[PDB]
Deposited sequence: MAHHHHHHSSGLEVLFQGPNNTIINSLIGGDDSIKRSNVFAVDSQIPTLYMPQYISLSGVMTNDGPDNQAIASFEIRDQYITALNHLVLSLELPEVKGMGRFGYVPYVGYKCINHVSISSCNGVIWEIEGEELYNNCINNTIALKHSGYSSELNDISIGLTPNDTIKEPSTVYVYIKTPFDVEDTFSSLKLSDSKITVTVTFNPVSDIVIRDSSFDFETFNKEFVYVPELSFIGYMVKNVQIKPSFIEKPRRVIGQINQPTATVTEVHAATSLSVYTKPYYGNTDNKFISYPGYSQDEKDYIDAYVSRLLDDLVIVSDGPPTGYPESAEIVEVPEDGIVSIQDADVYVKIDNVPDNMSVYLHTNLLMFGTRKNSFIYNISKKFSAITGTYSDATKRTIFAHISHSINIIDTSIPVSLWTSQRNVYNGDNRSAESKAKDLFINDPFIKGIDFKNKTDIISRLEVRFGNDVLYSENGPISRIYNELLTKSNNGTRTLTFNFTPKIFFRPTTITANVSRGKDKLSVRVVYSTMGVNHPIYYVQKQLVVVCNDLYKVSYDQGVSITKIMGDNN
């Protein structure tokens, strides 16, 4: 061993075993919490909370956390909050000064920036207590107990802590939070008295931040990135963000538009949010009408329903599709029935039929004489996240030549209103990639084009995220310590804008998901200079 030590044993070297331990600026942090001023004026009387931060001792601040006291939900229907309820109820956030807006973000973009922060996401409300679809039995029954959720309003001032902090520069800072209508953050059946709930519900907010009391602060200018959103017209595959002079990134995604529907869906998995969870919740809801053990032909189904007695061999053939169903402990007086067309969709009477019953291979279970119901054991099916994301209105579409919804009255009563504001793609999990081509143009010249989502793969790799978006990043320079790298305009050559064009993929004219309306969302991060001369001021880089 000693011979290797002697093999170890003159150049100028950097000390990697000691540090010169520099003394920082003298400061003292403090967690400050303020109650706001609530306003409900004009646009559908929307809720706006205003917080004024004016202190001679608060020199700088960062890490904004908005808390919300959710009330006790009493009643008789089925009710649950959407996952991350705290983020979903934020429509817009705006930080301002005497000189105007310093930074502002749309609710969905704040969520998108925090999507990879599991801690922040939990805090906003991701619990079985909140997200499970609870049931009221009596008019005085408690559906949900009161709860407090915490929303981390991630800002550019948190990146490098004290270094990136917002300096107040002897000015009043006003944080303004615009809320989404409570209908958005709630999942309910028709049975629930939403009318009374909507009237009585009030957002109860409190803004908290980390304040810094700094002795002899030496302020210098900085740069900030402001996200700017462009939502295209319904089913328009283009968006243009004008006046692009110094952008650090460009993000592209799609959103479904459910305005052509009642926002009612057959099932929701609640707290369990995996792709398998959405599917299982759906299959579970259909099974009660799909396999019926009755004496004799089942009653209470539309005349359009084709309920067939299962043969001795257990195989029911629905055209090309074969469904094997074998139920144990069936009474001698009863028979096993299969609903041959629970949900079906067709463009013409001679067209291809999209039938949900055809999506089942094998159904096995045991009948309970005690509870007079079937307890399914093993199911073989080809159901997917797209089926679970079909608004019930699209099965009943004018475009559908058949009845479409052949379920029982009971099943239809259990349908849920889902108005989740932050849905992407055409499914609840944004699994299906509906973009075949992406084309970005700086002016009239093609800046980037792709077929596969390589820009999404890079976005996920570079940010270590499981939920990325097709993103072009122009800045690979360290934040705060350097002026960000940007795509830079040439007004003379008319390179004032970024135009995005997509080429969507298609399904059969016979799949209800074909009729889901899409909107293209383009997000641009513009570079701004922060000056602290006469209070806090921001200037667009040009």
- Missing C-alpha runs, given along the deposited sequence, first residue counted as 1: 1-19, 29-32, 566-569
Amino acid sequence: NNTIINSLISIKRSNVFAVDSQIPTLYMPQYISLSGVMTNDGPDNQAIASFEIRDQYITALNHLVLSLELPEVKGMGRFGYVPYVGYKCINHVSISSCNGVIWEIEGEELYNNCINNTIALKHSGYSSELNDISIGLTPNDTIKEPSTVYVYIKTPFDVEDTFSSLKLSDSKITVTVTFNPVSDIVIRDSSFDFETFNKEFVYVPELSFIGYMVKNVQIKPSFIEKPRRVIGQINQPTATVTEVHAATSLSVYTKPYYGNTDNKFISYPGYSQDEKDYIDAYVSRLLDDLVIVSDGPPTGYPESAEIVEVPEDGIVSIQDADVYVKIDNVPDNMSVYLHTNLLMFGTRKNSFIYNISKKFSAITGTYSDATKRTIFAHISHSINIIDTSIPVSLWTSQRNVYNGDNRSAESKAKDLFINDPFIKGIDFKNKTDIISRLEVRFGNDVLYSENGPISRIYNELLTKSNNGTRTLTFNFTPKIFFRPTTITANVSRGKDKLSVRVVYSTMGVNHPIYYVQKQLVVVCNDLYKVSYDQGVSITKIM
From here on, numbers count along this sequence of modelled residues.
- Comparing 95-103 with 283-291, the one whose average Cα B-factor in the PDB entry is higher: 95-103
- Query: When the C-alpha temperature factors are averaged for each of 307-315 and 416-424, which stretch ends up with the higher value in the entry?
  - Reply: 307-315
- Whose C-alpha has the highest temperature factor in the PDB entry: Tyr111, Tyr278, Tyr152, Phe376? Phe376
- Query: For the listed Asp320, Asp274, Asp132, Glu460, which has the peak Cα B-factor recorded in the PDB entry?
  - Reply: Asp320
- Where the record places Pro256 (Cα B-factor, split into thirds across the chain): middle
- Item | CA B-factor ranking of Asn510, expressed as a third of its chain | middle
- Query: Once the chain's modelled residues are ordered by C-alpha B factor and cut into thirds, is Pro139 in the lowest, middle or highest one?
  - Reply: highest
- Query: Mind checking which third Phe474 falls in for C-alpha B-factor across the chain?
  - Reply: lowest
- Consider only the C-alpha atoms of the modelled residues in this chain, order them by B-factor as the entry records it, and name the third containing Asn490: lowest, middle or highest. highest
